[PDB]
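Right, one structure below, let's go through it.
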4 protein chains.
Amino acid sequence: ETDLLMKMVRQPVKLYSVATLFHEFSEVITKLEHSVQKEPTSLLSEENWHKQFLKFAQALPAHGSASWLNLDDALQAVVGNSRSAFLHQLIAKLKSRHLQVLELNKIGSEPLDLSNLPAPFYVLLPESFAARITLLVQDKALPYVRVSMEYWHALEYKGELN
Amino acid sequence: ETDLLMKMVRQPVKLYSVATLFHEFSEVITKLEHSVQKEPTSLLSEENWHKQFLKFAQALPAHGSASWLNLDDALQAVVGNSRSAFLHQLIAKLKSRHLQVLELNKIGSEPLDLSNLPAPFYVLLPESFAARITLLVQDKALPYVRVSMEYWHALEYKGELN
Amino acid sequence: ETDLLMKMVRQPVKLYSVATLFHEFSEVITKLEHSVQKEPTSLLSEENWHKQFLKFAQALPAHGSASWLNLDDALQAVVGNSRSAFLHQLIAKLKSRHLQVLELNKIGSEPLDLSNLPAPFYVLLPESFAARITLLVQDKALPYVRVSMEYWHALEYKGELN
Amino acid sequence: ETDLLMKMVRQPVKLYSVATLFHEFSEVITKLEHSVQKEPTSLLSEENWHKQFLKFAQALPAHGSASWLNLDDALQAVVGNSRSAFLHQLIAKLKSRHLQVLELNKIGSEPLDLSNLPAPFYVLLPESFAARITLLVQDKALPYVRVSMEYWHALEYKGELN
């Protein structure tokens, strides 16, 4: 919980509206599908799928985005015999959470006021693509924020009677 | 307002506790005091001071931090005649807000639960040093966030009866 | 010359192969073309085109990439009466340099050896999309590097006879 | 070799003069010395030291720099029994390379012209602090660059006779 939060505190982050996050899932999934060659026969245990995902993620860009080529190059870091399985399993896992992000519109619609202003909802994620896709695929939680602001004038000294 | 928040969603951002922001002000201010040579005689108008601050900020690093040398080099972009004035005026503006930063402990301490969890307070600022210092010195507002998280299990389909 | 270099030294940068830079031009140009509504009647002087480009660039993401929506939103910062002209002129300017990047394959093919290794050629650009597109569109030069490496063992002390 | 360079093209990078890199080593080392408490008794094997360094690096900021607190917090991720040893071993490894950094002044001083201009030497490292410190401490090589530029006018079509 607070480990996830500290992970976010220790790196450059990015604000996503629910729509923008849904769109990112659509883009990543479509690129990965372009890499599909033959369908898998065997299917990685979740134990081995985790080890392969590690290699895949270490080969992804830490730039803020990834082109199909970047994704396909990262697929190569995956042991060859397991590549097909890894890839179809990755797509299935992403397509399953892809549907789930739509449920954030519920939470994100609840009005909130902070510092006397309506505070909009935004998912909070790593700016780094490798760190971000790792979070979306394997973490149990997704962070988010309610955003507001404090005017500096309201931070000035306003007497001993508060 | 919304203009300020869009500026934040369009770039890599960073989470600051009130303590780490106060510490950042302390670091930037002592570095700038190290660049002080002579005392200013006549000082800049908010018109000319802003023109000079723009040149100063354009010469600052867009990396996440700035060393003394980076700050002193940026000072050189300021017209030589207006430099000592610009510098003393900049230090005074920063020291004034430096005290106001302490007032954020009020707001920050106010309890809040989001998604059934304690939602900690964090100032939200640009990752880029040039962008961050511009906001802290020139803007009338300072953005912040209340942070929380949704577990993916809670985003799964829970049936037709809410 | 060295001003351009210092600008690169003061911010996070990115290495582009000639092919990857060509592909980036193709992506940006196609997105901007999707924003075209009606053809321009008047056409911005280069003086006014520069002022409008400034506004456009200030509204672009400082994240490492931009989606069509990000580009189209930035187009709105452009004075309305001049939007059409700005946009067609921006596309023409990009399409003209797009052809020119192909000439980098000449320079980039010249073999080079640094530290006893073949040193590959890479264009060097801002990680920030707004800073990058500003450079590609309006600077007179494009930076690049020849990359190599020094082994730490070769940096150890090797006697007084060198 | 090429593995190291691909790692560099897949993330935001930063240009360091030999002086600024030497200064970075000085800063990181004095901060780590501030975390020293007791003297280590028994020390880690390169096997166990690397296992501990991994945990240490994962807890470092991916922001471009690290404060003393960031470094000291990262030290806590190291098993408590191996911590004082890990820390003294880390300081010794850094001080050893700190001296080797000075040898880069040889290579760096060697003249070079690229595209008919003096091509300055710069060490090339990750923007992320965690990635940068990992490379400097663990890698057998250090990447560098010779920097230059091509004017767009020189990329225009110059005719069929070369």
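Just checking, which of C:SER42, C:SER128, C:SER67 is touching a residue at least 40 places away in the same chain (Cβ under 8 Å) and either surrounded by 15 or more Cβ atoms within 10 Å (Cβ to Cβ) or hydrophobic (A, V, I, L, M, F, W, C) (or both)?
C:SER128
Condition first: under 30 Å from C:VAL137 (Cβ atoms) and more than 14 Å from the chain's Cα centre (by Cα). Can you find one or more residues in segment D:76-94 that meet it?
No: zero hits.
Of (1) touching a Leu at 6+ places or on another chain (Cβ under 7 Å); (2) of a type in the set (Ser, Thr, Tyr); (3) under 22 Å from A:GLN100 (Cα atoms), A:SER26 satisfies all except one. Which?
Looking at each condition in turn, A:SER26 falls short on (1).
Mind checking which residues of segment D:1-57 are out of contact with any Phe, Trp or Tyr (no Cβ under 9 Å at 6 or more places or on another chain) and assigned to a loop (DSSP other than H, G, I, E, B)?
Selection gives D:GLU1, D:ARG10, D:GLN11, D:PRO12, D:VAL36, D:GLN37, D:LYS38, D:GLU39, D:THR41, D:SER42, D:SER45.
Say we look at segment D:115-147 and pick out the residues that are in a strand (DSSP E or B) and out of contact with any helix residue (DSSP H, G or I) (no Cβ under 9 Å at 6 or more places or on another chain); which of these is farthest from the other protein chains (Cβ to nearest Cβ)?
Here the answer is D:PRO118.
Being in contact (Cβ under 8 Å) with a residue 40 or more places away in the chain, farther than 18 Å from A:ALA57 by Cα and buried (at least 17 other Cβ atoms within 10 Å of the Cβ) is the filter; apply it to segment A:90-102 and report the residue that is nearest to the other protein chains (Cβ to nearest Cβ).
Among residues in segment A:90-102 that are in contact (Cβ under 8 Å) with a residue 40 or more places away in the chain, farther than 18 Å from A:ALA57 by Cα and buried (at least 17 other Cβ atoms within 10 Å of the Cβ), the one nearest to the other protein chains (Cβ to nearest Cβ) is A:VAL101.
If I ask for residues that are touching a residue at least 12 places away in the same chain (Cβ under 8 Å) and either of a type in the set (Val, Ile, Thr) or exposed (fewer than 15 other Cβ atoms within 10 Å of the Cβ) (or both), which ones from segment C:71-89 would you list?
Residues satisfying the conditions are C:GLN76, C:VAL78, C:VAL79.
For C:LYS158, all conditions in the list (1) touching a strand residue (DSSP E or B) at 6+ places or on another chain (Cβ under 9 Å); (2) more than 8 Å from chain D (Cβ to nearest Cβ); (3) free of Cβ contacts under 8 Å to residues at least 12 places away in the same chain hold save one; what is the number of the exception?
Only one criterion is unmet by C:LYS158, namely (1).
Sort out which residues of segment B:144-162 are over 22 Å from A:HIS98 (Cα atoms) and surrounded by fewer than 21 Cβ atoms within 10 Å (Cβ to Cβ), and write them in order of number. Explain how you work it out, then say what you get.
Step one: of segment B:144-162, the residues over 22 Å from A:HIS98 (Cα atoms) are B:144-147, B:161.
Residue satisfying the conditions is B:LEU161 alone.
Quickly run through segment B:103-125 and pick out the residues that are touching an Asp or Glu at 6+ places or on another chain (Cβ under 7 Å) and either at positive phi or free of Cβ contacts under 8 Å to residues at least 24 places away in the same chain (or both).
Hit for segment B:103-125 is B:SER115, nothing else.
Read-outs throughout are calculated quantities, based only on the coordinates presented, and are distinct from any laboratory measurement. Note that we place each Cβ from the backbone using ideal geometry, even for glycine, and neighbour counts take in every protein chain shown.
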